[PDB]
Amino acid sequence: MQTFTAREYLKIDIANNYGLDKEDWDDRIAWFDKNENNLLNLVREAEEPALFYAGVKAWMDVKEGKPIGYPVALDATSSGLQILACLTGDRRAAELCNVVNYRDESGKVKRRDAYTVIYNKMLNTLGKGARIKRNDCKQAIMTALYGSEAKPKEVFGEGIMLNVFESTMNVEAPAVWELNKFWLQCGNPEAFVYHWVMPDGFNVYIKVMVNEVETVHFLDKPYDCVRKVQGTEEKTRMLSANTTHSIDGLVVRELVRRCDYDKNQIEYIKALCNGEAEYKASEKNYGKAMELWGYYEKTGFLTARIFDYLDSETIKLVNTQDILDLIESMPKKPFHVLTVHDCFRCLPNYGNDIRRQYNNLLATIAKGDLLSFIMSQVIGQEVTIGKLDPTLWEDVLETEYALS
């Protein structure tokens, strides 16, 4: 993973908003250096005028040495596909979406755009006039990855084109595609609600809501009046999206815990781990400390939330070296992070830190067993899904463009 200066992250953010957000890091900075002296005149043709202008004003305020409050943005490249690649250990899927590095023949690490890759792979094999527009293809890919069968059937028909679409997905992301396949057959026809707990203790409840349509006559003409009611359903297409979204939800909470931390709390936990803290104990801490430590054992996901429940008595139930290792992996200075589910904004002098923290979380998900842990609660019995490449997490730590 290559690092950048605070001023360089300003450069990347302003380039993004012009925007060349699919370009490599250095091409973005190269484009910037060329246009530094004319930035205020480029506002009218930028893709995001307002954000571009805000960034430019920040860059100017930085040149004059003035303080700034402007946060740069680093976005997940296909959040969902990234999480599924990590859950399933799918090295081929990871290369689609920057979970691990992809190099061209030159050997340069490229900023990949999964939908384009799959769109190109599909033209290469379909050949001979393939009548399909790239954005209709992205819709089919992304709705399929969340379990839609209707929308890819709408973009590709139900014939040979659909067949080629499913074959391509099966070579470019076998385990991700199999897992999406699998989620469809995981609904419980008797269930009014699904429940699962995330490793940081968040309780997800999904109530099953089905259409009740009362029909009505008004001037001897017919009108259908449909209202959502709680019920059950034979299949359900919701589990892939909801499980995946609960996990990016988790990544947001945990990333903000590791970045925007209380410096005084960290030093207390460090002393507590080394036996140097004054005695402090609360019985109410025990249950939660046990619960969160347990999720760590079953999943590999140690939440910094556990810091809230560690005391003289409760530290005895955890492995203090794991706590200290986690703290040592956090940024050396804390910072605020604004999040839009899979977009992240921070002051540019923390750019390096936020990418390191995102990488660690993807790698944690890749290494461990979060998928089994969640699926077992969804379907109601112990299941175990294996990684397709159990070493993927080693490469995840070093990936270049997970956030871009």
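Sequential numbering from 1, following the sequence displayed.
Stretches compared: 244-252, 309-317. Higher mean C-alpha B-factor in the entry: 309-317. Looking at 78-86 and 280-288 together, the entry lists the larger mean B-factor for 280-288, computed on C-alpha atoms. Note on the listed residues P71, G275, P334, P174: the highest Cα temperature factor in the record is that of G275. Each of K298, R112, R258, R134 has a CA temperature factor in the record; the biggest one is found at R134. Sort the modelled residues of the chain by CA B factor and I269 lands in the lowest third. The PDB entry assigns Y146 a C-alpha temperature factor belonging to the highest third of its chain's modelled residues. The deposited CA B-factor of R91 belongs to the middle third of values across its chain.
In the deposited entry, the Cα temperature factor of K263 places it in the middle third of its chain's modelled residues. The deposited CA B-factor of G65 belongs to the highest third of values across its chain.
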